[PDB]
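Asker:
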Amino acid sequence: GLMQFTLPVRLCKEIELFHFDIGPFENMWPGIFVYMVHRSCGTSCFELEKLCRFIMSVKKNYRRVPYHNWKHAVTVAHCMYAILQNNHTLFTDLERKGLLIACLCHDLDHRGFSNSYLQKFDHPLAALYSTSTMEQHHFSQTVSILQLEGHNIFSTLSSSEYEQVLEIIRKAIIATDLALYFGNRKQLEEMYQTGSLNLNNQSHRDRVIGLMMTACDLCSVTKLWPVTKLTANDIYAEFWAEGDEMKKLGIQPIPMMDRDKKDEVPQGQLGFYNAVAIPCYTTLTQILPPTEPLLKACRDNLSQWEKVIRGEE
Ligand SMILES: Cn1ncc(C(=O)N2CCC2)c1C(=O)Nc1cc2nc(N3CCOCC3)nn2cn1
Ligand SMILES: [Mg+2]
Ligand SMILES: [Zn+2]
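Using the deposited numbering, the final residue of the sequence shown is 770, and nothing's skipped along the way.
Shown next as structure tokens:
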């Protein structure tokens, strides 16, 4: 009851910044997450024994793939922590509870392949869930773990608070399908510029939480350049394995996925910063001004990718 999780001084300070890197010591990641739930949510949000049990079952259900792994889950939860701490009074008690859990769970049991590859392989999951295939699977894995004996971290919420939090989590996880992001951001753009955006409108809140999920999920592009560049290697290690598997099915992969098109990586990063990341953090910053450091970090990494193309590294 009287037990604070605490971190060493450098972590205690740096964890509050958007660009924080959770580091290479795997055994400290659960303690980093609990630290963030206690400061974001309070030391009473969850029964500590249940939370610990939930975190370790979540970890066990992430696979040892190069990018979509336990380290990504915790990185995406830290970015959400940073957003929640810098916009304290905009979010309900249930959103603060739900969203950090959503982020920890958002890629549960990912195999390292896109929804596209599951559909071309004819994976069973592609018949169960015709769109947002992996994302419906991640939410399903989340509900499975919540129903393990001793794992229901939400057990002491009213019947209707429980339903609301699982609905926050479902939408937050579905919104990490980047196919859904483009139209969601366009609507958020229009609603903010015509001045119709209304955080009391539940469907507006939904849209804004969806963008927050895209922003946290992409947060590798908002780090110190060395973190950004090394993370890009893990990302392409998956994409090129997917390309290899497309070729085994007798299909030319898109260029993104073709390891023969390594030379073009810098230009593909430019595409990605301009089509996805920059517009994401731009709209996020207009809606939630204290998230500007994500936009600023993204723009700095774009200009690092421009330097790579100009031979200056
Ligand atoms: C940095 N980051 N964080 C997230 C993602 C991302 O997409 N998701 C989906 C799972 C995570 C990317 C990311 O690299 N995206 C990305 C890279 C890329 N390279 C190319 N190529 C290169 C070869 O030459 C042709 C163009 N197209 N292209 C399009 N998008
Ligand atoms: Mg995902
Ligand atoms: Zn993800």
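The beta carbon of each residue, even a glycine, is placed where N, CA and C say it ideally should be.
The alpha helix (DSSP H) with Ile666 in it runs from where to where?
Answerer: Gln659 to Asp674
Asker: Helix, strand or coil for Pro747, going by three-state DSSP, please let me know.
Answerer: helix
Asker: Starting from the Cα of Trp527, find the closest Cα among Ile610, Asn641, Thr748 and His563 and give me that residue.
Answerer: The shortest Cα separation from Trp527 among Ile610, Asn641, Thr748 and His563 belongs to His563.
Asker: Under 8 Å between the Cβ atoms of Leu745 and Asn544?
Answerer: Yes, the Cβ-Cβ distance between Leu745 and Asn544 is below 8 Å.
Asker: Could you compute how far the alpha carbon of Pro750 sits from the alpha carbon of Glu699?
Answerer: 33 Å
Asker: Measure the CB-CB distance between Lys577 and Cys498 and report whether it falls below 8 Å.
Answerer: no
Asker: Buried or exposed: which applies to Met513, given that a residue is buried once 16 or more other Cβ atoms fall within 10 Å of its Cβ?
Answerer: exposed
Asker: Cα-Cα, which of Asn609, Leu561, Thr740 and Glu702 is closest to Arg664?
Answerer: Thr740
Asker: If contacts are defined as beta-carbon pairs under 8 Å, then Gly569 and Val522 qualify, I think. What distance do you get, rounded to the angstrom?
Answerer: Right, their Cβ atoms sit about 4 Å apart.
Asker: For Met713, collect the residues of the same chain with a Cβ closer than 7 Å to its Cβ; drop the 5 residues on either side in sequence, then sort them by chain order.
Answerer: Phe696 and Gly725
Asker: List the endpoints of the continuous alpha helix (DSSP H) containing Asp634.
Answerer: In the DSSP assignment, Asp634 falls outside any alpha helix (DSSP H) and carries neither an H nor an E.
Asker: Our contact map puts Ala559 next to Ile626 with C-beta atoms below 8 Å; I'd like the distance itself, whole angstroms only.
Answerer: 5 Å
Asker: For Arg510, does the three-state DSSP call read helix, strand or coil?
Answerer: For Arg510, the three-state secondary structure derived from DSSP is helix.
Asker: Tell me whether the segment 621-636 and the segment 593-612 touch, counting them as touching only if at least three CB pairs, one residue from each stretch, are closer than 8 Å.
Answerer: yes
Asker: Within a Cβ cutoff of 8 Å, which residues of the same chain sit near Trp762, ignoring the five residues on either side of it in sequence?
Answerer: So the list reads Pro723, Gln726, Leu727 and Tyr730, once near-sequence residues are dropped.
Asker: Are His535 and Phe477 close, meaning C-beta to C-beta below 8 Å?
Answerer: yes
Asker: Can you say whether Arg642 is buried or exposed, counting buried as having 16 or more other CB atoms within 10 angstroms of its CB?
Answerer: buried
Asker: Of the choices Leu656, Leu635, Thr633 and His661, whose alpha-carbon is the least far from that of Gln644?
Answerer: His661
Asker: State the start and end residues of the unbroken alpha helix (DSSP H) segment that holds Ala530.
Answerer: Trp527 to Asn543
Asker: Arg767 by DSSP, collapsed to three states: which one?
Answerer: coil
Asker: Is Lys686 helix, strand or coil when you go by DSSP?
Answerer: DSSP places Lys686 in helix when its eight states are reduced to three.
Asker: Closer than 7 Å: is that where the CB of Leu635 sits relative to any heavy atom of ligand 1?
Answerer: yes
Asker: Hey, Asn518 and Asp566: beta-carbon distance below 8 Å or not?
Answerer: Judged by their CB atoms, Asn518 and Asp566 are nearer to each other than the 8 Å cut-off.
Asker: Going by DSSP in three states, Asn609 sits in which element: helix, strand or coil?
Answerer: Coil.
Asker: Reducing DSSP to helix, strand and coil, say where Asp717 ends up.
Answerer: helix
Asker: Under a Cβ-count criterion, where at least 16 other Cβ atoms within 10 Å of its own Cβ denotes burial, should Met493 be classed as buried or exposed?
Answerer: buried
Asker: State the CB to CB distance for the pair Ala754 and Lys680, rounded to an integer number of angstroms; the pair is presumed to be in contact (CB under 8 Å).
Answerer: 7 Å
Asker: Can you grab the Cα-Cα spacing for the pair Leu474 / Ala539, in whole Å?
Answerer: 7 Å
Asker: As a quick exercise: from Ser501, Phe503 and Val531, pick the residue whose alpha carbon is nearest that of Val515.
Answerer: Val531
Asker: Between which two residues does the alpha helix (DSSP H) carrying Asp550 extend?
Answerer: Residues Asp550 to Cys562.
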